[PDB]
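Below: one structure, written as structure tokens.
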Amino acid sequence: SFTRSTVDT
Amino acid sequence: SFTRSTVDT
Amino acid sequence: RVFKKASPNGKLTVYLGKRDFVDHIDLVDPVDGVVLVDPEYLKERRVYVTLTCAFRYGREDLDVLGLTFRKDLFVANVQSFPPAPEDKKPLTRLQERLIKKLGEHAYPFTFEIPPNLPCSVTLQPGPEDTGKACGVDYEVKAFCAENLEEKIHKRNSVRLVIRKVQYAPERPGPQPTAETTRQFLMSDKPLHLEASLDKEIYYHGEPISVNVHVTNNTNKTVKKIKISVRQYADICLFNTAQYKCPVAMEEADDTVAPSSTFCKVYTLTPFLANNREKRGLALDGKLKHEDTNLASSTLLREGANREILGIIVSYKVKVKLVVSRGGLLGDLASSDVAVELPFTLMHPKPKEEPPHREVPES
Amino acid sequence: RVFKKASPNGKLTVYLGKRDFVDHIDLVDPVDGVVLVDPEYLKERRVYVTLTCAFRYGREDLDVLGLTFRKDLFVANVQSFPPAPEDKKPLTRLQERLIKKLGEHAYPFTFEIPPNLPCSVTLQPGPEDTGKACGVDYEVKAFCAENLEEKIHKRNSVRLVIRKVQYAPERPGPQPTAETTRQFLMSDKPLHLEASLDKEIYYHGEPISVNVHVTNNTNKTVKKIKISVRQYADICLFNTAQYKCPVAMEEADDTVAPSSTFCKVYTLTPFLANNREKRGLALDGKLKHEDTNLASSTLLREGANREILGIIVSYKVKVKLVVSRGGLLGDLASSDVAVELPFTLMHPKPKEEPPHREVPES
Amino acid sequence: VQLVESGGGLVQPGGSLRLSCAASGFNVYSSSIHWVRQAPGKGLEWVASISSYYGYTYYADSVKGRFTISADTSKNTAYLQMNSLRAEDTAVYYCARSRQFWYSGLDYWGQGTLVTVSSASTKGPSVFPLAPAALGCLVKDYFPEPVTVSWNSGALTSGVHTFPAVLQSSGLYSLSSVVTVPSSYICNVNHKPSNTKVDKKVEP
Amino acid sequence: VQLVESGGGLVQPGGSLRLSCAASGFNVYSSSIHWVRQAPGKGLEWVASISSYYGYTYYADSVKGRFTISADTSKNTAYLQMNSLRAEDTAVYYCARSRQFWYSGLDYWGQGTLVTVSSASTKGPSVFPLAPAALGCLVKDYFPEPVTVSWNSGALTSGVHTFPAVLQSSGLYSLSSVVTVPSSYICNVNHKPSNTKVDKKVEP
Amino acid sequence: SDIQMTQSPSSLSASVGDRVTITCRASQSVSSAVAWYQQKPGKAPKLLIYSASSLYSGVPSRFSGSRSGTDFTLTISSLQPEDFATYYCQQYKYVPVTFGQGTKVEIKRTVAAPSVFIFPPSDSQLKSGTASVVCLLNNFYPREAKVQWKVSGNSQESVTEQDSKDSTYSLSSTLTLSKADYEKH
Amino acid sequence: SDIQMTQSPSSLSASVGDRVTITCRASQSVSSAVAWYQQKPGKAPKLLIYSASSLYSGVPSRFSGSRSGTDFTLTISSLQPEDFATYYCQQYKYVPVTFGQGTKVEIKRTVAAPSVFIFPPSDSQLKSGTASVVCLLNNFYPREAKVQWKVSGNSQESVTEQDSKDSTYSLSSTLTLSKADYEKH
């Protein structure tokens with residue numbers, strides 16, 4: 001739906 | 001004054 | 001009949017056989033004449049006859065009306081009285097008879113107009129112009145003086161305005177056919193356009209027939225078709241100047257649907273009745289103030305590619321298609337398709353009658 | 001932080017390290033990413049990732065709104081799951097860390113954008129446009145299917161719009177200086193005109209300084225001076241199309257007397273506030289509907305003179321002088337004097353922050 | 001190449017008429033079209049002229065302010081609008097063409113149209129025998145021209161001298177037809193406008 | 001590079017004011033100019049914003065319909081037109097600038113201008129001595145800020161604690177200045193708006 | 001300015017093969033802008049000469065013109081049978097373009113005796129109320145003749161064209177009269 | 001949409017060389033669009049961090065920021081003497097741009113005994129018609145203190161800034177009263 005964000009731990 | 005005409009006899 | 005002019009003092013009189021000297025491209029008709037002098041009251045003892053080609057033209061910076069600047073493009077002089085031993089020339093058929101009629105006090109003179117010279121063309125003056133004609137015009141001047149450098153007197157000179165004219169060639173040329181193909185962006189299908197006049201050489205007042213063939217294969221629709229005849233004039237006084245002036249335009253509301261063809265015949269006729277207000281239009285050489293038609297096309301000396309002085313007049317026919325706008329680029333692009341058809345506009349060679357000066361005078 | 005998108009079914013998820021890939025002319029930043037798959041519910045046993053460069057554009061002949069035709073300019077595909085023995089590629093620094101976080105069910109993919117490719121440019125849509133953006137825009141697509149030729153399902157694919165951008169070079173070039181000399185007909189004295197911008201490279205919103213020097217020696221008077229900045233865009237889809245659009249014009253009523261000089265400095269600034277209604281204007285690549293500035297100039301690959309696809313955007317500054325009319329030829333000649341000054345309009349290279357999407361959202 | 005004009009006829013004094021000269025074979029920009037009228041039994045006279053190339057129109061002093069000439073270049077036709085016509089304007093109108101470049105006389109002429117301006121109306125002819133050698137028959141008080149006169153229904157074509165009609169002071173036409181018979185009939189008179197065929201016999 | 005604003009002052013409630021921020025060192029097309037107000041003793045607040053490149057202007061909900069922001073690109077100045085000002089609108093207004101490409105925080109700030117909206121007029125300060133250790137002096141019922149308080153014409157700068165002024169419920173300001181003297185004077189108070197220098201002595 | 005072109009003679013007669021000359025005079029100098037026309041009865045005029053010396057195309061070479069000052073002459077070398085018509089003189093140097101009076105050329109024949117016949121009004125004239133008498137002159141040459149009326153203007157006469165059979169004219173002069181005046185004598 | 005940025009603690013004190021951490025919380029996700037400012041009393045705020053992790057140019061490297069979900073932290077490694085000011089938290093992802101409440105950082109000192117002084121209204125108050133009494137608390141640390149009034153709201157107090165000589169606060173809470181009520185007790 002929508003481009004989300006996330007961190008590479 | 002003005003250019004007249006004449007015949008060559 | 002021959003034309004004679006006399007000085008205000010009456011001592012000097014010059015005779016000319018005609019006023020229009022036809023140009024045959026490779027050769028030009030010689031300018032012959034007879035000068036009548038009376039040495040009894042003439043103490044200068046020298047008579048000089050001068051042929052001058054000048055580009056008379058007005059000045060915009062100067063606010064004075066009528067005053068013009070004279071720039072000579074070709075000056076030639078021949079001295080008649082006394083008879084020059086070195087200037088021995090043959091006598092034309094008309095020249096010898098004039099001497100016999102006048103007597104032993106008449107002496108001849110003859111000039112040879114070199115080729116590659118401008119023809120008599122007069123630009124159309126504006127409504128506020130009160131001076132002499134502007135353009136190229138020849139002149140034959142005769143006077144008597146002690147020397148060339150001596151100041152000239154108004155009462156001791158005569159001047160006649162002569163012309164150098166060209167007529168339509170006897171042999172017609174190839175039919176002028178020009179075609180174009182415009183490729184658009186949305187689709188690879190081209191938009192073809194063809195045009196072809198009936199014949200190369202047209203006369204003054206003769207209608208001009210234009211054949212238009214449109215083969216539309218694109219997605220856009222042609223809105224209007226514009227047909228015009230434009231006069232191309234080249235002036236070379238100090239630098240070459242190019243300008244254009246439409247003398248006959250006709251707009252058609254023909255619409256061409258996509259993936260459909262079109263064919264029509266258009267008729268055009270250039271004339272001076274509707275071009276009175278177009279200041280700067282080139283017309284044939286006037287003598288004093290007469291009405292003259294549009295300037296006839298000049299026959300250049302093959303493909304010599306020389307820089308001819310004076311005014312060179314040429315004509316063309318432009319076929320323009322108006323293409324509908326919109327879509328991606330909107331009104332930014334220029335999608336009009338045009339093509340140009342050159343043609344020649346002259347007079348047929350007269351049989352006996354030379355061009356006259358306002359035959360039914362008011 | 002990295003950007004992730006998931007399929008509507010939730011079985012497929014792809015991770016991208018960024019959305020703007022800078023072009024260094026000679027090399028382009030590689031497009032790396034990680035695709036997360038779950039083979040337990042995935043019976044197709046094949047996962048394909050495709051990078052596509054397409055010229056999406058509307059249709060004027062079709063009355064349907066929003067529908068557009070897609071023409072691919074560059075298509076490349078790489079299969080990730082199962083790991084291809086032949087497609088063995090090195091892992092980037094960010095790519096290896098993403099695999100560690102996700103687990104053993106994540107596989108990488110990497111594309112190499114070839115040079116001589118168009119940058120993301122989006123033409124400005126009209127007020128009546130309701131479809132997607134028109135212009136060149138890249139896209140990263142990931143999906144799983146039995147074969148390439150198999151029909152794609154809307155629930156079994158993901159797509160992200162990426163960009164290829166260029167920034168201003170570190171080294172300034174020569175100062176753009178252009179001069180002209182126009183020779184008239186009445187007099188041999190020339191009309192000189194010089195112009196020179198302050199520097200070659202300008203930024204978005206930075207004012208443009210124009211230095212105008214007029215050395216008038218003719219008899220005519222200059223009426224008005226027009227300074228404009230025009231955007232030159234080249235589109236090569238099926239045939240090369242050239243169009244121009246002024247983005248900032250400033251008219252000055254300065255008058256230069258004959259035999260007098262003139263010197264002034266003009267300031268211009270192109271911006272989108274007054275160019276909203278100019279349909280077809282080229283803007284920088286949008287993601288979905290954001291506001292973007294005027295399209296930055298494209299750095300062509302030296303003088304290779306290649307036919308680059310897509311849209312090539314360039315800018316120029318035009319200095320035009322209006323010359324008074326009248327005199328012999330009247331309003332038929334075209335005596336206007338013009339000169340053009342090219343310049344480059346880009347963004348400085350950002351230090352850390354990439355371009356963002358409407359930072360203060362309404 | 002041919003010049004043909006139409007529109008002439010009988011008009012009351014003070015009326016108006018439209019003469020159209022449909023030029024065929026040439027155009028109107030390269031030719032100057034002139035109108036020339038000829039009164040019955042009189043010489044030629046010039047009334048109007050138009051030059052479409054220079055856009056100049058000329059009129060005679062007699063018809064100045066009443067006659068208007070114009071050209072329709074679409075179909076190559078020239079019109080002559082006449083207003084406030086008088087009795088002296090009755091004549092035969094010819095359409096003439098002259099070369100624009102340049103004038104060399106009226107080489108091409110129209111076939112001619114007749115314009116009659118009279119306050120009188122149509123009147124029936126009256127046939128009166130002429131008793132005696134020669135035999136005659138007088139027809140008078142008729143309008144307009146012409147009338148057909150024959151003897152013995154065309155059987156007597158020898159010695160017949162039909163004289164041209166003349167205009168009387170009352171505005172009516174009259175003519176006499178005579179024939180010579182040495183020793184020894186039927187004066188066949190027909191008038192097309194009144195569609196009347198009156199025949200009379202002549203006896204001493 | 002510097003941002004300086006002028007135009008602040010005392011205005012009656014329901015009035016209007018014009019704040020002009022003359023930006024120097026940069027233009028207005030490549031920078032977005034913002035206005036931030038700070039109430040006395042409170043946190044920052046954003047009231048207006050203008051983006052001259054895209055031609056977009058934004059206002060806070062509290063000042064919507066009353067505050068108008070515009071930019072004059074000719075001299076690189078941004079104006080803030082305030083109308084129907086209320087008592088709660090008194091604050092210190094700052095002019096801030098942010099990069100247009102792209103937003104990275106309000107890096108450049110103005111020096112600050114003070115806008116006071118009160119219905120009261122100028123009032124003279126009243127000086128009252130405070131008998132006793134420490135010695136004090138109270139100044140009340142004055143307007144507007146500030147007042148200069150000194151002890152012994154600046155000869156007593158040790159142990160003096162001039163406290164910040166406060167706003168009373170009647171719309172008038174007041175403050176107290178105290179000093180500590182162990183065993184053992186002159187409360188020099190000056191008010192610039194009223195050009196009054198009142199001095200008092202404190203004795204037990 | 002107006003120019004009156006006096007054309008003489010008004011009418012002449014000549015035989016076949018005779019040399020016929022016609023003189024046209026202009027009140028003012030008109031250079032050499034003079035044209036000649038030929039109009040047979042009932043037909044349109046036909047252009048013959050332009051510029052007073054140039055023969056029009058398609059015209060037989062027997063026709064010729066000349067100029068001497070203001071006197072213009074149209075000369076026919078051999079009088080062909082088809083040359084018998086009316087000739088007009090034109091000048092086209094000044095507006096208005098003025099034409100000549102015209103000259104009638106007819107065949108030549110010997111003198112013919114005029115037979116005089118008198119026709120009294122018939123009995124039908126009695127009830128009509130109008131009285132008219134016509135005198136008849138048949139087969140007389142040339143056209144000019146003298147008529148005397150007796151039993152005074154208001155008299156009308158008509159002349160027929162030359163009949164090819166007899167080459168003679170016919171005269172019929174009529175005099176209308178009132179009933180009261182007719183019965184007076 | 002509006003975003004309330006809860007900044008804690010409201011105020012803290014620390015000594016030189018101490019590690020100071022400040023927490024900023026957002027009611028909604030704001031990605032990494034958070035900036036930090038430092039405003040000394042009387043001056044304009046100074047930008048320190050943008051994008052919640054990028055140090056502004058010209059700022060000493062002791063300042064640092066971090067992000068963890070919606071919790072933004074500003075950390076000072078060594079508390080330099082010039083770092084004692086007020087710090088505000090900003091978000092610039094959604095209009096309107098909302099700021100934090102602000103956090104005051106002051107020097108740390110040992111506990112100081114609050115000396116309580118009472119000042120009765122002077123004789124000049126008798127003719128003025130207004131009665132006011134101010135209690136004085138000098139050289140007390142920390143700022144928080146308790147005041148009791150007796151002889152009930154409508155009481156005003158003012159706090160001076162930390163004087164560098166003593167590093168202590170001063171309190172002066174005043175209570176105005178009417179003439180009738182003042183003379184009651």
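Residues in the structure tokens are named by chain (A, B, ... in the order shown) and by number from 1 within that chain; ligands are numbered from 1 in the order shown.
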
Residues of chain E within 8 Å of chain G, counting only C-alpha atoms - could you list those as a VMD selection string? chain E and resid 43 to 46 59 to 60 94 104 to 112 128 to 132 134 161 to 166

Neighbour list for region 78-88 of chain E as a PDB file with N, CA and C atoms, in the first residue's frame, cut-off 8 Å, only C-alpha atoms, skip fewer than 3 positions in-chain:
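Contents of around.pdb, freshly written:
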ATOM      1  N   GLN E  12     -39.415  52.421 -67.019  1.00  0.00           N
ATOM      2  CA  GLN E  12     -40.006  53.746 -66.942  1.00  0.00           C
ATOM      3  C   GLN E  12     -38.949  54.774 -66.537  1.00  0.00           C
ATOM      4  N   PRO E  13     -39.110  56.029 -66.955  1.00  0.00           N
ATOM      5  CA  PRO E  13     -38.150  57.064 -66.554  1.00  0.00           C
ATOM      6  C   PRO E  13     -38.097  57.213 -65.041  1.00  0.00           C
ATOM      7  N   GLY E  14     -36.893  57.460 -64.532  1.00  0.00           N
ATOM      8  CA  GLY E  14     -36.664  57.501 -63.104  1.00  0.00           C
ATOM      9  C   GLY E  14     -36.453  56.155 -62.453  1.00  0.00           C
ATOM     10  N   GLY E  15     -36.466  55.070 -63.222  1.00  0.00           N
ATOM     11  CA  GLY E  15     -36.279  53.735 -62.695  1.00  0.00           C
ATOM     12  C   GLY E  15     -34.819  53.341 -62.617  1.00  0.00           C
ATOM     13  N   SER E  16     -34.592  52.030 -62.533  1.00  0.00           N
ATOM     14  CA  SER E  16     -33.250  51.483 -62.413  1.00  0.00           C
ATOM     15  C   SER E  16     -33.137  50.221 -63.255  1.00  0.00           C
ATOM     16  N   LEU E  17     -31.902  49.890 -63.625  1.00  0.00           N
ATOM     17  CA  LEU E  17     -31.616  48.691 -64.398  1.00  0.00           C
ATOM     18  C   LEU E  17     -30.271  48.122 -63.972  1.00  0.00           C
ATOM     19  N   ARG E  18     -30.084  46.834 -64.251  1.00  0.00           N
ATOM     20  CA  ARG E  18     -28.841  46.131 -63.955  1.00  0.00           C
ATOM     21  C   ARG E  18     -28.373  45.414 -65.209  1.00  0.00           C
ATOM     22  N   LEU E  19     -27.229  45.835 -65.740  1.00  0.00           N
ATOM     23  CA  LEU E  19     -26.609  45.198 -66.894  1.00  0.00           C
ATOM     24  C   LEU E  19     -25.400  44.405 -66.426  1.00  0.00           C
ATOM     25  N   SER E  20     -25.390  43.108 -66.725  1.00  0.00           N
ATOM     26  CA  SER E  20     -24.314  42.215 -66.316  1.00  0.00           C
ATOM     27  C   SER E  20     -23.591  41.703 -67.551  1.00  0.00           C
ATOM     28  N   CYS E  21     -22.277  41.901 -67.588  1.00  0.00           N
ATOM     29  CA  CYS E  21     -21.438  41.475 -68.706  1.00  0.00           C
ATOM     30  C   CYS E  21     -20.582  40.307 -68.228  1.00  0.00           C
ATOM     31  N   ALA E  22     -21.005  39.091 -68.566  1.00  0.00           N
ATOM     32  CA  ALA E  22     -20.314  37.876 -68.136  1.00  0.00           C
ATOM     33  C   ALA E  22     -19.149  37.620 -69.083  1.00  0.00           C
ATOM     34  N   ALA E  23     -17.976  38.124 -68.707  1.00  0.00           N
ATOM     35  CA  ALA E  23     -16.783  37.931 -69.519  1.00  0.00           C
ATOM     36  C   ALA E  23     -16.322  36.481 -69.443  1.00  0.00           C
ATOM     37  N   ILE E  33     -12.562  46.598 -68.492  1.00  0.00           N
ATOM     38  CA  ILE E  33     -13.871  46.425 -69.111  1.00  0.00           C
ATOM     39  C   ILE E  33     -14.552  47.782 -69.206  1.00  0.00           C
ATOM     40  N   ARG E  66     -25.242  58.952 -61.576  1.00  0.00           N
ATOM     41  CA  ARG E  66     -26.384  58.074 -61.802  1.00  0.00           C
ATOM     42  C   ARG E  66     -25.979  56.652 -62.150  1.00  0.00           C
ATOM     43  N   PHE E  67     -24.833  56.475 -62.800  1.00  0.00           N
ATOM     44  CA  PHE E  67     -24.365  55.170 -63.240  1.00  0.00           C
ATOM     45  C   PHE E  67     -23.261  54.686 -62.310  1.00  0.00           C
ATOM     46  N   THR E  68     -23.365  53.433 -61.878  1.00  0.00           N
ATOM     47  CA  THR E  68     -22.372  52.824 -61.003  1.00  0.00           C
ATOM     48  C   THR E  68     -21.896  51.522 -61.626  1.00  0.00           C
ATOM     49  N   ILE E  69     -20.581  51.387 -61.779  1.00  0.00           N
ATOM     50  CA  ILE E  69     -19.971  50.213 -62.390  1.00  0.00           C
ATOM     51  C   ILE E  69     -19.137  49.494 -61.339  1.00  0.00           C
ATOM     52  N   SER E  70     -19.245  48.167 -61.318  1.00  0.00           N
ATOM     53  CA  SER E  70     -18.476  47.347 -60.397  1.00  0.00           C
ATOM     54  C   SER E  70     -18.240  45.989 -61.040  1.00  0.00           C
ATOM     55  N   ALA E  71     -17.219  45.294 -60.552  1.00  0.00           N
ATOM     56  CA  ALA E  71     -16.814  44.010 -61.102  1.00  0.00           C
ATOM     57  C   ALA E  71     -16.808  42.953 -60.008  1.00  0.00           C
ATOM     58  N   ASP E  72     -17.315  41.771 -60.342  1.00  0.00           N
ATOM     59  CA  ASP E  72     -17.301  40.615 -59.449  1.00  0.00           C
ATOM     60  C   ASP E  72     -16.232  39.662 -59.973  1.00  0.00           C
ATOM     61  N   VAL E 117     -36.125  53.641 -72.459  1.00  0.00           N
ATOM     62  CA  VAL E 117     -36.676  54.383 -71.333  1.00  0.00           C
ATOM     63  C   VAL E 117     -37.823  55.227 -71.874  1.00  0.00           C
ATOM     64  N   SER E 118     -39.055  54.793 -71.616  1.00  0.00           N
ATOM     65  CA  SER E 118     -40.240  55.501 -72.075  1.00  0.00           C
ATOM     66  C   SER E 118     -41.344  55.364 -71.038  1.00  0.00           C
TER      67      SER E 118
END

Dump as a Markdown table the rows for residues of chain C within 12 Å of chain B: closest atom pair and distance in Å with one decimal, only C-alpha atoms counted, ordered by chain and rising residue number.
| residue | atom | partner | partner_atom | distance |
| --- | --- | --- | --- | --- |
| C:1 | CA | B:7 | CA | 4.3 |
| C:2 | CA | B:6 | CA | 5.4 |
| C:3 | CA | B:5 | CA | 4.7 |
| C:4 | CA | B:4 | CA | 5.5 |
| C:5 | CA | B:3 | CA | 5.0 |
| C:6 | CA | B:1 | CA | 7.6 |
| C:7 | CA | B:1 | CA | 7.8 |
| C:8 | CA | B:1 | CA | 7.1 |
| C:9 | CA | B:1 | CA | 10.8 |
| C:10 | CA | B:1 | CA | 10.6 |
| C:13 | CA | B:3 | CA | 10.6 |
| C:14 | CA | B:3 | CA | 10.2 |
| C:15 | CA | B:6 | CA | 9.2 |
| C:16 | CA | B:5 | CA | 9.9 |
| C:17 | CA | B:8 | CA | 9.9 |
| C:18 | CA | B:5 | CA | 10.8 |
| C:19 | CA | B:3 | CA | 11.2 |
| C:34 | CA | B:8 | CA | 11.7 |
| C:93 | CA | B:8 | CA | 11.4 |
| C:94 | CA | B:8 | CA | 8.2 |
| C:95 | CA | B:8 | CA | 9.7 |
| C:96 | CA | B:8 | CA | 10.1 |
| C:97 | CA | B:8 | CA | 6.7 |
| C:98 | CA | B:8 | CA | 6.0 |
| C:99 | CA | B:8 | CA | 9.4 |
| C:100 | CA | B:9 | CA | 8.8 |
| C:101 | CA | B:9 | CA | 6.5 |
| C:102 | CA | B:8 | CA | 9.1 |
| C:154 | CA | B:1 | CA | 12.0 |
| C:155 | CA | B:1 | CA | 10.9 |
| C:157 | CA | B:1 | CA | 11.6 |
| C:158 | CA | B:1 | CA | 9.5 |
| C:159 | CA | B:3 | CA | 9.8 |
| C:160 | CA | B:3 | CA | 8.2 |
| C:161 | CA | B:3 | CA | 10.4 |
| C:287 | CA | B:3 | CA | 11.5 |
| C:288 | CA | B:2 | CA | 11.4 |

Give the alpha helix (DSSP H) residues of chain H, as DSSP finds them on the backbone, and put them as a list in words. residues 124, 125, 126, 127, 128, 179, 180, 181 and 182 of chain H

For region 338-341 of chain D: contacts at 7 Å, only C-alpha atoms, fewer than 2 positions along chain excluded, given as a compact mmCIF listing (two decimals) with N, CA and C atoms, in the first residue's frame:
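File produced: part-v6.txt:
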# COMPACT_ATOMS: atom_id res chain seq x y z
N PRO D 176 30.21 32.44 -19.80
CA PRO D 176 29.56 32.50 -21.11
C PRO D 176 29.45 33.92 -21.64
N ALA D 178 28.88 36.14 -25.19
CA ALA D 178 28.46 36.13 -26.58
C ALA D 178 28.21 37.55 -27.04
N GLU D 179 28.64 37.85 -28.26
CA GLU D 179 28.52 39.18 -28.83
C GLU D 179 28.01 39.08 -30.26
N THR D 180 27.41 40.17 -30.74
CA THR D 180 26.88 40.21 -32.09
C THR D 180 27.10 41.60 -32.67
N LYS D 316 18.92 28.69 -21.65
CA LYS D 316 19.61 29.76 -22.34
C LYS D 316 19.05 31.10 -21.88
N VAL D 317 19.84 32.15 -22.07
CA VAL D 317 19.43 33.52 -21.79
C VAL D 317 19.50 34.30 -23.09
N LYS D 318 18.39 34.95 -23.45
CA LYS D 318 18.28 35.68 -24.70
C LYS D 318 18.20 37.18 -24.42
N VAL D 319 19.07 37.94 -25.07
CA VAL D 319 19.07 39.40 -24.99
C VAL D 319 18.63 39.94 -26.34
N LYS D 320 17.51 40.65 -26.36
CA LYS D 320 16.90 41.11 -27.60
C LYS D 320 16.71 42.62 -27.55
N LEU D 321 17.08 43.30 -28.62
CA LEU D 321 16.92 44.74 -28.75
C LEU D 321 15.85 45.04 -29.79
N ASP D 336 15.41 43.54 -35.58
CA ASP D 336 15.69 43.19 -34.19
C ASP D 336 17.03 42.47 -34.08
N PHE D 343 23.63 28.49 -20.19
CA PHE D 343 24.09 28.35 -18.81
C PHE D 343 23.52 27.06 -18.24

Contacts of region 35-52 of chain C within 10 Å, only C-alpha atoms, excl. fewer than 2 positions in-chain, as a ChimeraX atom specification: /C:4-6,10-16,31,33,54-55,71-83,98-99,102-113,137-148,157-162

Identify all chain F residues at most 12 Å from chain D by counting only C-alpha atoms; ligands do not count. Present them as JSON, numbers by chain. {"F": [25, 26, 27, 28, 29, 30, 31, 32, 49, 50, 51, 52, 53, 54, 55, 56, 57, 58, 59, 60, 73, 74, 76, 98, 99, 100, 101, 102, 103, 104, 105]}

DSSP on the backbone, then: every residue of chain F marked strand (DSSP E), written as number ranges by chain. F: 2-6, 10-11, 16-24, 31-38, 44-51, 56-59, 67-72, 77-83, 91-99, 108-109, 113-117, 126-130, 134-142, 148-151, 160-162, 166-167, 173-180, 187-191, 196-200

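Distances to chain G were evaluated for C:117, C:351, C:240, C:32 using only C-alpha atoms, and the minimum falls at C:351.
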
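Atom to atom, CA of residue 312 (chain D) and CA of residue 323 (chain C) stand 24.8 Å apart.
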
Using only C-alpha atoms, which of the listed residues (H:32, H:19, H:130, H:180) sits closest to residue 62 (chain H)? H:19

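In this structure, the chain C residues at most 6 Å away from chain D are residues 60, 185, 238, 239, 243, 280, 327, 329, 330 and 333 of chain C, with only C-alpha atoms considered.
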
Could you save those same residues with C-alpha atoms as a PDB file, in the first residue's frame?
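Printed below is out-v6.pdb as written:
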ATOM      1  CA  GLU C  60      14.778  58.687 -41.897  1.00  0.00           C
ATOM      2  CA  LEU C 185       6.351  12.388 -31.856  1.00  0.00           C
ATOM      3  CA  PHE C 238      26.142  48.814 -48.257  1.00  0.00           C
ATOM      4  CA  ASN C 239      25.133  45.399 -46.901  1.00  0.00           C
ATOM      5  CA  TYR C 243      12.749  41.419 -46.590  1.00  0.00           C
ATOM      6  CA  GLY C 280       8.000  49.712 -49.149  1.00  0.00           C
ATOM      7  CA  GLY C 327      -1.709  16.618 -25.748  1.00  0.00           C
ATOM      8  CA  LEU C 329       3.551  19.300 -25.038  1.00  0.00           C
ATOM      9  CA  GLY C 330       0.554  21.614 -25.303  1.00  0.00           C
ATOM     10  CA  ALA C 333       5.765  23.073 -29.935  1.00  0.00           C
TER      11      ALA C 333
END

For region 106-114 of chain H, list every protein, DNA or RNA residue within 6 Å, evaluated using only C-alpha atoms, and leave out those in the same chain fewer than 6 positions away; present the list as JSON, numbers by chain. {"H": [13, 14, 15, 84, 137, 140, 141]}

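Straight-line separation from CA of residue 92 (chain E) to CA of residue 36 (chain E): 8.4 Å.
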
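Rounded to one decimal, CA of residue 261 (chain C) and CA of residue 215 (chain C) lie 4.5 Å from each other.
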
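Near region 173-176 of chain E, within a cut-off of 8 Å and counting only C-alpha atoms, sit the residues residues 136, 137, 138, 139, 140, 141, 142, 143, 144, 145, 162, 163, 164, 165, 166, 167 and 168 of chain E, with same-chain residues fewer than 5 positions away left out.
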
With C-alpha atoms retained, export the selected residues as a short mmCIF file (atom, residue, chain, number, x, y, z; two decimals), in the first residue's frame.
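File produced: result.cif:
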data_model
loop_
_atom_site.label_atom_id
_atom_site.label_comp_id
_atom_site.auth_asym_id
_atom_site.auth_seq_id
_atom_site.Cartn_x
_atom_site.Cartn_y
_atom_site.Cartn_z
CA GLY E 136 -49.10 50.26 -99.47
CA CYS E 137 -50.16 49.58 -95.90
CA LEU E 138 -49.63 51.86 -92.89
CA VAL E 139 -49.23 50.68 -89.29
CA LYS E 140 -49.15 53.33 -86.56
CA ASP E 141 -49.70 53.99 -82.83
CA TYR E 142 -47.95 50.85 -81.58
CA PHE E 143 -45.35 50.06 -78.92
CA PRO E 144 -42.81 48.60 -78.58
CA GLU E 145 -40.54 47.51 -81.43
CA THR E 162 -40.67 47.86 -95.68
CA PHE E 163 -39.34 51.12 -94.28
CA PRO E 164 -37.73 51.45 -90.84
CA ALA E 165 -40.07 52.59 -88.10
CA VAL E 166 -39.92 56.10 -86.65
CA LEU E 167 -40.78 57.62 -83.28
CA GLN E 168 -43.66 60.10 -83.27
#

Measuring atom to atom with only C-alpha atoms, identify which of H:67, H:26, H:40, H:4 is nearest to chain A. H:67
